[PDB]
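Reckoned from all heavy atoms, side chains included, excluding hydrogens, waters and symmetry mates. Chain A is the first sequence line, chain B the second, and so forth, proteins listed ahead of strands; every chain is numbered from 1. Start at 1 and go down the list; that is how both ligands and their atoms are numbered.
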Amino acid sequence: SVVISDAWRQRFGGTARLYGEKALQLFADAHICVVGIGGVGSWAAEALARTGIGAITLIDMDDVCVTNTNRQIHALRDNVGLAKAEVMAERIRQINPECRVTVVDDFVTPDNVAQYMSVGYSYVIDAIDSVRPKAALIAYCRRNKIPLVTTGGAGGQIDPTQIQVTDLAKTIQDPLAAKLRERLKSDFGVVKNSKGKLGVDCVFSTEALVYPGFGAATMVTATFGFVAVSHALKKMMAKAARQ
Amino acid sequence: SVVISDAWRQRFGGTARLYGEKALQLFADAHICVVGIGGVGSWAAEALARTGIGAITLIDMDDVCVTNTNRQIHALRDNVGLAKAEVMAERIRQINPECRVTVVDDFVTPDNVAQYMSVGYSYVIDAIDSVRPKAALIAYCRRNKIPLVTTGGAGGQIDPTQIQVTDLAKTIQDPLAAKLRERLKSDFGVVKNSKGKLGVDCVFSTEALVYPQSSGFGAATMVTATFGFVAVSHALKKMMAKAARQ
Ligand SMILES: Nc1ncnc2c1ncn2[C@@H]1O[C@H](COP(=O)(O)OP(=O)(O)OP(=O)(O)O)[C@@H](O)[C@H]1O
Ligand SMILES: Nc1ncnc2c1ncn2[C@@H]1O[C@H](COP(=O)(O)OP(=O)(O)OP(=O)(O)O)[C@@H](O)[C@H]1O
């Protein structure tokens, strides 16, 4: 459904060499949504674009702030005060002019989550920090079998080598992930499996949290983003191989 | 000491909250050199800037090519055909206008390495791909006790969770590192000591290589950038430890 141009092949030849032609087409035909374009999600957006994903949706309504500078790819002096999602969309268009980027200038809420998630995404990357919306987002994708990867807390951590993906039920050292399980259970009835799983893939770190509200670093928060994207692409490729 | 301005505190207050106030100033006073502004070094540079490093030198003479798009932070439509180091420098100035950024529009060679490393860097991040000059750079820094972190090959890899740090003698699934060791031996007589170590810290991955599909190894942002990020984290950690020891 995207006809790969010669220019696209120039941009993404390295992607073809790594994942294969079938994968290159799969990515070019994919539509991935990132919700929250902050210290995790902005790097996830970047990585999507640089891996030949053919359509990307970004959901956020916040502006670039100078305090974002330590950990968000869109935080540059001339961007300050502009909407994070539009700034990122403009950058994606510079990475891959043929990528179809949509900006939703809104916050996902429990009342609008169904209408936004129901578009038909290949994958959803959840990089929101507010717990009530995040729980609602995860609950919705999970019930509807919308492929999702969610991300735990990326602040207060210095070691990018401790980042990994596991079922949301098995995360450790992560109070955000913990409070999410709580909310899922009580407000959406989401609960453990036969196997002790919630069936929700989560990027988290095993690192014990560093208290000074938390600080953050690019090397860690970006790696959350990148690990979420690589997890998604792996799943998508495994699915495409199966059928 | 570099004076930390109120604007600096606005940009990097998150850094101070994570690493502490002493570290904020250590980073502001630091001068770190990145050699090779590509799949790994471009993201190393980005990360140094966003962590409040006060001086950064960038060494490369290559230009931004459209084929860099899959894995280099400076590869955008408008930059194609410009010098990588200059493009990256301009971006660092947008991240932190008070960072002092030096561009060396050249390649490191066995004949210029001493002059370029004679500067007194806090740290050197070696992200070059060419094995002969890579050996020359590493051998120079090692002999001179210049703090350095190198990396092996970042291509042919899809899993950013397998990246970690070991001594250069101990890397696996990394033809580049292997050649590098051969060249260190053959050209600088640098060889393993009694404990099996070269005394060179190297970012590598345990991942089995993914060979060319569809003309050398491919690469992805998610992995090559994480190489650079793990290099920066390692360097900052070592710098903080040496400061505390002192
Ligand atoms: N319900 C929501 N829908 C979409 N995006 C959201 C929602 N809630 C939060 N976000 C966004 O998620 C991102 C979270 O990013 P991150 O945690 O790094 O921190 P930030 O909010 O930019 O920083 P700070 O904590 O300093 O305000 C932000 O860009 C934020 O605007
Ligand atoms: N002797 C050297 N000194 C400084 N930089 C170097 C040296 N040799 C190579 N480099 C730089 O190291 C970086 C390596 O990056 P990377 O391996 O991603 O390759 P690239 O050269 O942009 O890719 P390709 O040439 O395969 O398209 C490049 O920007 C390159 O110009």
Novice: Is it the case that B:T171 and B:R181 place a side-chain donor and acceptor less than 3.5 Å from each other?
Specialist: yes
Novice: Show the atoms of ligand 2 that are less than 4.0 angstrom away from any heavy atom in B:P133.
Specialist: 1 (N)
Novice: Check if A:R71 has a non-hydrogen atom at a distance under 4.0 Å from any atom of ligand 1.
Specialist: yes
Novice: Which of parallel (below 30°), tilted (30 to 60°) and perpendicular (above 60°) describes A:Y121 and A:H31?
Specialist: perpendicular
Novice: Would you mind checking which non-hydrogen protein atom is closest to atom 13 (C) of ligand 2, with the distance to 0.1 Å?
Specialist: B:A127 O, 3.8 Å
Novice: Looking only at heavy atoms, is any part of A:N68 under 4.0 Å from ligand 1, and if so is it the side chain, the backbone, or both, or is it neither?
Specialist: side chain
Novice: For atom 15 (O) of ligand 1, what is the nearest protein heavy atom, given as residue, atom name and distance?
Specialist: A:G38 CA, 3.4 Å
Novice: So do A:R183 and A:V131 actually touch side chain to side chain, heavy atoms under 4.5 Å?
Specialist: yes
Novice: Do A:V229 and A:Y123 have side chains that get closer than 4.5 Å, going by heavy atoms?
Specialist: no
Novice: B:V35 heavy atoms, cut-off 4.0 Å: which ligand 2 atoms fall inside?
Specialist: 3 (N), 4 (C)
Novice: What atoms of ligand 2 come closer than 4.0 angstrom to any heavy atom of B:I37?
Specialist: 29 (O)
Novice: For residues B:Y19 and B:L24, determine if any side-chain heavy atom of one lies less than 4.5 Å from a side-chain heavy atom of the other.
Specialist: no
Novice: Decide whether B:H74 and B:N68 meet the rule of one side-chain donor and one side-chain acceptor closer than 3.5 Å.
Specialist: no
Novice: Determine whether A:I125 and A:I32 make a side-chain contact, defined as any pair of heavy atoms from C-beta on separated by less than 4.5 Å.
Specialist: yes
Novice: Taking A:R91 first and then A:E86, would you say they form a salt bridge - that is, a charged N and a carboxylate O separated by under 4.0 Å?
Specialist: no
Novice: Looking only at distances, please establish whether an N/O atom of ligand 2 is found under 3.5 Å from an N/O atom of B:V108.
Specialist: yes
Novice: For atom 17 (O) of ligand 2, state which one of B:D106, B:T224, B:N70, B:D129 supplies the nearest heavy atom.
Specialist: B:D129
Novice: Answer yes or no: is there a side-chain heavy-atom contact under 4.5 Å between B:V34 and B:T57?
Specialist: no
Novice: Tell me whether A:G41 reaches ligand 1 (any heavy atom closer than 4.0 angstrom to a ligand atom).
Specialist: no
Novice: Hey, is atom 25 (O) of ligand 2 under 4.0 Å from any protein heavy atom?
Specialist: no
Novice: Enumerate the atoms of ligand 1 whose separation from the nearest heavy atom of A:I59 is less than 4.0 angstrom.
Specialist: 4 (C), 5 (N)
Novice: Can you confirm whether the side chains of B:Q162 and B:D159 place a donor and an acceptor under 3.5 Å from each other?
Specialist: yes
Novice: Would you mind finding which of B:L176, B:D60, B:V34 brings a heavy atom closest to atom 31 (O) of ligand 2?
Specialist: B:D60
Novice: Let's go through A:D63 and A:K84 carefully: what are the C-alpha distance in whole Å and the side-chain angles of both, what is the deciding distance for salt bridge (charged side-chain N to carboxylate O under 4.0 Å, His left out) to 0.1 Å, and is it a yes or a no?
Specialist: CA-CA 5 Å; A:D63 293 334; A:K84 290 174 162 177; over 6 Å; no
Novice: Which residue and atom name correspond to the protein heavy atom nearest atom 16 (P) of ligand 1, and how close is it?
Specialist: A:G39 N, 3.9 Å
Novice: So, is A:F107 polar-close to ligand 1, with some N/O to N/O distance under 3.5 Å?
Specialist: no
Novice: When you look for heavy atoms under 4.0 Å from ligand 1, do you find them on the side chain of A:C65, its backbone, both, or neither?
Specialist: neither
Novice: At the 4.0 Å heavy-atom cut-off, does A:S42 count as touching ligand 1?
Specialist: no
Novice: Around atom 22 (O) of ligand 1, find the nearest protein heavy atom and jot down its residue, atom name and distance.
Specialist: A:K84 NZ, 2.5 Å
Novice: Grab the two heavy atoms, one from A:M88 and one from A:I73, that are nearest each other, plus how far apart they are.
Specialist: SD-CG2, 3.6 Å
Novice: Please check whether B:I128 reaches ligand 2 - meaning an N/O of the residue sits under 3.5 Å from an N/O of the ligand, judged on distance alone.
Specialist: no
Novice: Ion pair present between B:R132 and B:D187, side-chain N to carboxylate O less than 4.0 angstrom?
Specialist: no
Novice: Quick check on atom 5 (N) of ligand 1 - does any protein heavy atom sit closer than 4.0 Å to it?
Specialist: yes
Novice: With heavy-atom distances below 4.5 Å as the criterion, would you say the side chains of B:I146 and B:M117 are in contact?
Specialist: yes
Novice: Please classify the A:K134 to ligand 1 contact at 4.0 Å (heavy-atom distances, strictly less than): side chain, backbone, both or neither.
Specialist: neither
Novice: Looking only at protein heavy atoms, identify the closest one to atom 8 (N) of ligand 1 and say how far it is in Å.
Specialist: A:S130 OG, 2.9 Å
Novice: Below 4.0 angstrom from a heavy atom of B:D62, which ligand 2 atoms are there? Numbered from 1 as shown, please.
Specialist: 31 (O)
Novice: With atoms numbered from 1 as shown, which atoms in ligand 1 lie under 4.0 angstrom from a non-hydrogen atom of A:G36?
Specialist: 5 (N), 11 (C), 12 (O), 13 (C)
Novice: Decide whether the shortest distance between a heavy atom of B:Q72 and an atom of ligand 2 is less than 4.0 Å.
Specialist: yes
Novice: Please determine if A:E90 and A:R93 form a salt bridge, counting it only when a charged side-chain N lies under 4.0 Å from a carboxylate O.
Specialist: yes
